[PDB]
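A quick write-up on the structure given underneath.
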Amino acid sequence: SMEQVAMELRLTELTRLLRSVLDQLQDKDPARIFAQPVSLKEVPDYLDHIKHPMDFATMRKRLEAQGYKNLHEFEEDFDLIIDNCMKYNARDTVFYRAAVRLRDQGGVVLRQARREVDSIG
């Protein structure tokens, strides 16, 4: 149908905008602490602690399959990156501190993304 196509164009354009959001958030992680999944070879107990692992590469795979239907789903995954890190790692660690800084800096980017998603519809 034509409606199905229109819907798919909307999803494509959201994917475009979320790709730019993802790039902006990932720049706030210049150490690349959140770039890849936590290695279960190197942290073999990780899944005993963290039930839903997340990282920027995994988000990018979902994004490119057009797997985010709305900004809420995308934000859910970004918050997992931060919150998983803040639980597994102690406050005095470079990992925890990196997550705080990513959360604080990403806030700005996500605030305007929400306005753009609503604005463009």
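Here, each number is a calculation from the coordinates, and none is a lab measurement. In this analysis, Cβ positions are derived from the backbone assuming ideal geometry, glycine residues included, and neighbour counts consider all displayed protein chains.
Give the calculated FRET efficiency between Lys41 and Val94 to the nearest 0.05, with a Förster radius of 30 Å applied to their Cβ-Cβ distance. The pair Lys41/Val94 has a calculated efficiency of 0.90.
A Förster radius of 22 Å combined with the Cβ-Cβ distance from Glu13 to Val108 puts the calculated FRET efficiency at roughly 0.50. In this simple spin-label approximation, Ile120 and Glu3 carry label points 7 Å from Cα along the Cα→Cβ vector, and these lie 2.4 nm apart. Computed over the chain, the range of Cα coordinates on each principal axis works out to 52, 28, 19 Å, biggest value leading. Placing +1 on each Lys and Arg Cβ and -1 on each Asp and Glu Cβ, with no other charges, gives the chain a dipole about its Cα centre of roughly 240 debye.
Counting only whole DSSP H helices of the chain, the ones at least 18 Å long by C-alpha along their axis and with mean Kyte-Doolittle hydropathy no lower than -0.5 are 2-27, 71-88, 94-120. Computed over neighbours whose Cβ is under 12 Å from that of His52, the net charge equals -3, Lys and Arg +1, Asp and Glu -1.
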